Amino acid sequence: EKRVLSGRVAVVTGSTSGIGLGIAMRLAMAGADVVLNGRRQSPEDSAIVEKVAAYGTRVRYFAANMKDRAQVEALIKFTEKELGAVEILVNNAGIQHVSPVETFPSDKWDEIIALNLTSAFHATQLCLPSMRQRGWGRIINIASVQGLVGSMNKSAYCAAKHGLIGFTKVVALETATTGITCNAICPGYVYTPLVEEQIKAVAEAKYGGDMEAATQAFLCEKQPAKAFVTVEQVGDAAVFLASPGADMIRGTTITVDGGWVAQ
């Protein structure tokens, strides 16, 4: 019980890649046991368990599609069996689809709402009773600057992320007199596959295949620091929210965005 989160059991959805893996790493570094998650029996990154287990805590991986409420429940029940009560829930799994509103596919709209907002509701609902019984909990929702402002061609995603922030506030208010907090982190751009795919698409469509020009234009359109936020930095924000100094941080956004929301 030396490190700040020693003994706490965390679940990070969509932690085979990107921000989720970064968060899982930082939580383990801080002493938490961690359950990793994605859709596949074999993640594309075969080393994720080894990477997170390097910090001396207990780690598991469980394949579950967060768009299926029964699989969300399976992920929580597996954690309870393997490691113990879920004490830190990080709702992170998420997808993007870029399109003008007029031609935004109906199925893509529904999919983004299902994963990026409703899945967080399902998991939070499943975890809250145990947290209430134990008198402690953290629900950390990975929103976006796109939950606070709009961007062109991201209608479904901005809607889901705004919704996720509204959901965050309600959960925090319903738990405000308890040792359970609920907060959201709002990253600006982070160089993960979700962003790389977008930059590749505009590089081909607009910049003659020049990935450096496309990266600079994509980043600097929105982010005054003219640099990406890192997955380690988002993880550090998750560790902060999970720590005792954040016992009275409730229903808020921690924006880690290079200045995007400031202007």
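Numbers for residues come from their place in the sequence shown, where the first is 1.
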Missing-residue flag, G235, threshold a third of other entries: no
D210 left out of the model in a third or more of other PDB entries: yes
Mean C-alpha temperature factor, higher of 36-44 and 228-236: 36-44
Stretch with the higher entry mean CA B-factor, where the candidates are 171-179 and 68-76: 68-76
Residue of maximum C-alpha B factor among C158, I142, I88, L126, per deposited coordinates: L126
Chain thirds of CA B-factor: placement of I112: middle
Third of chain Cα B-factors occupied by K154: lowest
Among modelled residues of the same chain, the CA temperature factor third for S99: middle
Third of the chain's Cα B-factor distribution that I185 belongs to, per the entry: lowest
Chain-wide C-alpha B factor ranking for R132, given as lowest, middle or highest third: middle
